[PDB]
Amino acid sequence: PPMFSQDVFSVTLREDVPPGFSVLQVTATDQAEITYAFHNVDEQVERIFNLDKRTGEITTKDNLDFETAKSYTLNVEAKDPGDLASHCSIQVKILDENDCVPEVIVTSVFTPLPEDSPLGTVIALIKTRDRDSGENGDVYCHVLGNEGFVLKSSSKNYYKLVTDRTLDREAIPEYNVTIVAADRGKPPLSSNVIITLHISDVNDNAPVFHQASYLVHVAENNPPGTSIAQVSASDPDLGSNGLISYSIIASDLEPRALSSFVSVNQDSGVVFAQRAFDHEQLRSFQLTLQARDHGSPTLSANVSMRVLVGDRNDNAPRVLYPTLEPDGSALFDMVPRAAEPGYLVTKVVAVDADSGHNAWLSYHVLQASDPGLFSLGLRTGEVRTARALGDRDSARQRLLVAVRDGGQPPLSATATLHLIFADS
Ligand SMILES: *[C@@H]1O[C@H](CO[C@@H]2O[C@@H](C)[C@@H](O)[C@@H](O)[C@@H]2O)[C@@H](O[C@@H]2O[C@H](CO)[C@@H](O[C@@H]3O[C@H](CO)[C@@H](O)[C@H](O)[C@@H]3O)[C@H](O)[C@H]2NC(C)=O)[C@H](O)[C@H]1NC(C)=O
Ligand SMILES: *[C@@H]1O[C@H](CO[C@@H]2O[C@@H](C)[C@@H](O)[C@@H](O)[C@@H]2O)[C@@H](O)[C@H](O)[C@H]1NC(C)=O
Ligand SMILES: *[C@H]1O[C@H](CO)[C@@H](O)[C@H](O)[C@@H]1O
Ligand SMILES: *[C@H]1O[C@H](CO)[C@@H](O)[C@H](O)[C@@H]1O
Ligand SMILES: *[C@H]1O[C@H](CO)[C@@H](O)[C@H](O)[C@@H]1O
Ligand SMILES: *[C@H]1O[C@H](CO)[C@@H](O)[C@H](O)[C@@H]1O
Ligand SMILES: *[C@H]1O[C@H](CO)[C@@H](O)[C@H](O)[C@@H]1O
Ligand SMILES: *[C@H]1O[C@H](CO)[C@@H](O)[C@H](O)[C@@H]1O
Ligand SMILES: *[C@H]1O[C@H](CO)[C@@H](O)[C@H](O)[C@@H]1O
Ligand SMILES: [Ca+2]
Ligand SMILES: [Ca+2]
Ligand SMILES: [Ca+2]
Ligand SMILES: [Ca+2]
Ligand SMILES: [Ca+2]
Ligand SMILES: [Ca+2]
Ligand SMILES: [Ca+2]
Ligand SMILES: [Ca+2]
Ligand SMILES: [Ca+2]
């Protein structure tokens, strides 16, 4: 009868061997034309291996896969031309190769991630799978870059992605975090996943005024409701946290009369004069405005504004001396004829309610019955004789004088001076 060299053969195959790979040849001995056949084998044996009925060579006819089957049991029956038969078994062991990529499973991503999250806030939960065995299935993760995110390993194949750095939406509003996982096989395989992080806003920025303080000039006699300035503050926060409202909180004026002077539009920051300013009553006043955001809690800043009321020429000069008659004339009839040049006949005394050039007075002769007999001090308003009185000079003299300010246009007052020389 036929007989195999032994009952049980053992071979190992790498899962990556191509179809048609030589597994083993088994032969029985007539000591002839013997037939070989599988018997009592699994269905997958018939589907993976080919047994030469005449030669007894065994080859694969399809691809292997350690993840699907780690071993095969092959029973071969040898039949000579007679009825007798013999059997042997071949236990085929499959070897694991690194042919399965690691995969990364990310859940519970903190979306969005508040910018005030404490150190150690759990952003995401990470889990790794690897269908291979042993080292080929041993996966480890790490984060690329140094943007402030660290992987904490709670147990094997489980990670927590945590912050280790204070966040700031105003500096970095979005993050792309790449987590890479690699196995420890030969050669190693790796995969990666990109976690996108949206940093949500917190009201952590107070409004800031565009200027450290405000110096405003407003011409006197302005209409009420005249826009005199516009404050502006900025706030990098989002939405309600960056919405600014302006207001007036303090002033060196009477608190009950503050609204009667100035206001500010709460949305535009335009500052209005609520009344016609009068430089002669008040030259300047101080003001403290506030910019406030609409966050919880609110943030604010304070800025000082000074308003300078500008002088206009709204007052004409007025003569205080000499006293004038209803016709605007004054009489000086005791002027001695022997008066030496420089004799002070009289002095026009005028005042002006304004300031600066608007109240800088100058005195002019408009009409003279004898030009050059009398002089008129341009700035003093002193009326003096300029030359010795002559024999052909009239006893009665008349001057029409004007006191003007230095405004534009110049306002003035006039007076007629009857100067009458007395005979000795
Ligand atoms: C985080 O990453 C995403 C996605 O980026 C994509 O994948 C990466 C691995 C890289 O290969 C990138 O090059 C790739 O875009 C960024 O999203 C943004 O996606 C759009 C989609 O096309 C990118 O292109 C724009 O698409 C519009 C669509 O109409 C075009 O009109 C634009 O002209 C533009 O091309 C966009 O570039 C991309 N932004 C990037 C790469 O910065 C996401 O922005 C990124 N986050 C950060 C903070 O960088
Ligand atoms: C800006 O100033 C505001 C004014 O509030 C009042 O005035 C001052 C003089 C203090 O006495 C203050 O306590 C009063 O309530 C404040 O309300 C506000 O907090 C200030 N903001 C900043 C950023 O300083
Ligand atoms: C192909 O090669 C293998 C090498 O071991 C043999 O075992 C087989 O029988 C066939 O000759
Ligand atoms: C997975 O990603 C790593 C990145 O380090 C590569 O080196 C590797 O070859 C595979 O592409
Ligand atoms: C209101 O309007 C005046 C001009 O009329 C500006 O000067 C002011 O700043 C505010 O915008
Ligand atoms: C005044 O200017 C600030 C910027 O400094 C703006 O935020 C504001 O809207 C106004 O234009
Ligand atoms: C004084 O001067 C002004 C102009 O300077 C006149 O308008 C006024 O009537 C007076 O003569
Ligand atoms: C001075 O003179 C002018 C010109 O006559 C008058 O208008 C004024 O009232 C004052 O008498
Ligand atoms: C001063 O007074 C005389 C009249 O006495 C006027 O003629 C002159 O214009 C000014 O008013
Ligand atoms: Ca496989
Ligand atoms: Ca494998
Ligand atoms: Ca693997
Ligand atoms: Ca911030
Ligand atoms: Ca913010
Ligand atoms: Ca804010
Ligand atoms: Ca005035
Ligand atoms: Ca004035
Ligand atoms: Ca004046």
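Its PDB header attributes the entry to X-ray crystallography and lists the resolution as 2.300 Å.

As annotated in the PDB entry, the protein chain is Protein Pcdhgb2 from Mus musculus. This entry carries the title "Protocadherin Gamma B2 extracellular cadherin domains 3-6".

Caption draft 1: Just the overall build of the protein chain, in detail. Scanning the protein chain from N- to C-terminus turns up one helix and 33 strands. Against the globule reference of 22 Å for 424 residues, the protein chain gives a C-alpha radius of gyration of 56 Å, more extended than a compact globule.

Caption draft 2: Quick peek at the coordination of the calcium ion (ligand 17). Around the calcium ion (ligand 17), the donor atoms from the protein are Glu-220 (OE), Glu-280 (OE), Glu-280 (OE), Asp-311 (OD), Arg-312 (O), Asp-314 (OD) and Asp-354 (OD), and they sit 2.4 to 2.8 Å away. Read from N- to C-terminus, the donor residues coordinating the calcium ion (ligand 17) fall into the pattern E-x59-E-x30-D-R-x1-D-x39-D. Separating the calcium ion (ligand 17) from the calcium ion (ligand 16) is a distance of 3.9 Å, and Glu-220 supplies a donor atom to each of them.

Caption draft 3: Representation of the site of ligand 3 in the model. Ligand 3 sits among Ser-22, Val-23, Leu-24 and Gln-25. In the environment of ligand 3, an oxygen atom lies 2.9 Å from a nitrogen or oxygen atom belonging to the backbone of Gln-25. Compared with its free state, where it exposes 290 Å², ligand 3 has 46% of that area covered by protein.

Caption draft 4: Representation of the pattern of salt bridges. According to the stated counting rule, one finds 10 salt bridges in the structure shown. Put simply, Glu-170 and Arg-169 hold a salt bridge, and the shortest N to O gap is 3.1 Å. What makes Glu-170 partly exposed here is its relative accessible area of 26%. On the basis of relative accessibility, which here comes to 12%, the residue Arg-169 falls in the buried class. Salt bridges sharing partners connect three or more residues here, namely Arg-169, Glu-170 and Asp-201.

Caption draft 5: Structural detail: the coordination of the calcium ion (ligand 16). Protein coordination of the calcium ion (ligand 16) is provided by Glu-220 (OE), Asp-278 (OD), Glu-280 (OE) and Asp-314 (OD), with donor distances spanning 2.3 to 2.4 Å. Of the residues examined, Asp-278 reaches a relative accessible area of 32% and is grouped as partly exposed.

Caption draft 6: Just the packing of aromatic side chains, in detail. Under the counting rule described, the total for this entry stands at nine aromatic pairs. Judged by centre distance (6.3 Å) and plane angle (25°), the ring pair of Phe-261 and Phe-277 falls under stacked. In this pair, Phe-261 sits in the loop between strand 20 (244-251) and strand 21 (262-264) while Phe-277 sits in the loop between strand 22 (270-273) and strand 23 (284-293), placing the two residues 16 residues apart along the sequence. Overall, the relative accessible area of 13% leaves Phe-261 in the buried class.

Caption draft 7: Highlighting the site of ligand 9. Neighbouring residues of ligand 9: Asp-327, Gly-328, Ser-329, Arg-398, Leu-400, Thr-416 and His-418. Within the side chain of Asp-327, one N or O atom sits 2.8 Å away from an oxygen atom of ligand 9. Between ligand 9 and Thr-416, the relevant distance is 2.4 Å, taken from an oxygen atom to a side-chain nitrogen or oxygen of the residue. In the complex, the protein chains occlude 61% of the 300 Å² of accessible area that ligand 9 would expose alone. Broken down by secondary-structure element, the contributors of at least two residues to the shell around ligand 9 are strand 32 (396-404) and strand 33 (412-422). Across the shell around ligand 9, the residue classes tally to one nonpolar, four polar and two charged.

The rules behind the values
In this document, every chain is numbered from 1 following its sequence as written, which may not correspond to the numbering used in the entry; residues for which no coordinates exist are not shown. The lettering of chains begins at A and the numbering of ligands begins at 1, in the order of writing. The side-chain values count all of the structure's non-hydrogen atoms but skip hydrogen atoms and water molecules. Residues with missing side-chain atoms are left out of burial classes, side-chain pairs and their counts. By the criteria applied, helices consist of DSSP H or I runs no shorter than four residues and strands consist of E runs no shorter than two, each listed in order from the N terminus. The size measure is the radius of gyration over C-alpha atoms, and the globule rule it meets is 2.2 Å times the number of residues to the 0.38 power. Listed donors are limited to N, O and S atoms within 2.8 Å of the metal, widened to 3.2 Å for Na, K and Ca; water is not among them, so incomplete-looking sites are possible. Nearness of a residue to a molecule or strand requires only that one of the residue's heavy atoms be within 4 Å of it. Throughout this description, a polar contact denotes any pair of N or O atoms lying within 3.5 Å of each other; where both atoms belong to protein, one of them has to be capable of donating a hydrogen while the other can accept it, and for residues adjacent in sequence the pair is counted only when both atoms sit in side chains. All accessible areas in this document rest on Shrake-Rupley with a 1.4 Å probe, and a residue is counted as covered only by the protein chains that are shown. When a carboxyl oxygen of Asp or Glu lies within 4 Å of a side-chain nitrogen of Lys or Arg, that pair is called a salt bridge. A 1.4 Å probe rolled over the protein chains alone gives each residue an accessible area, and that area as a share of the maximum for its type sets the label: buried under 20%, exposed over 50%, partly exposed in between. Here a pair means two rings of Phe, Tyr or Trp (six-membered ring of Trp) with centres within 6.5 Å. Their orientation is stacked below 30 degrees between planes, edge-to-face above 60, and tilted elsewhere. When residues are grouped by polarity, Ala, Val, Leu, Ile, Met, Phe, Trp, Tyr, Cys and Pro land in nonpolar, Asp, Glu, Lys and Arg in charged, and all others, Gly among them, in polar.

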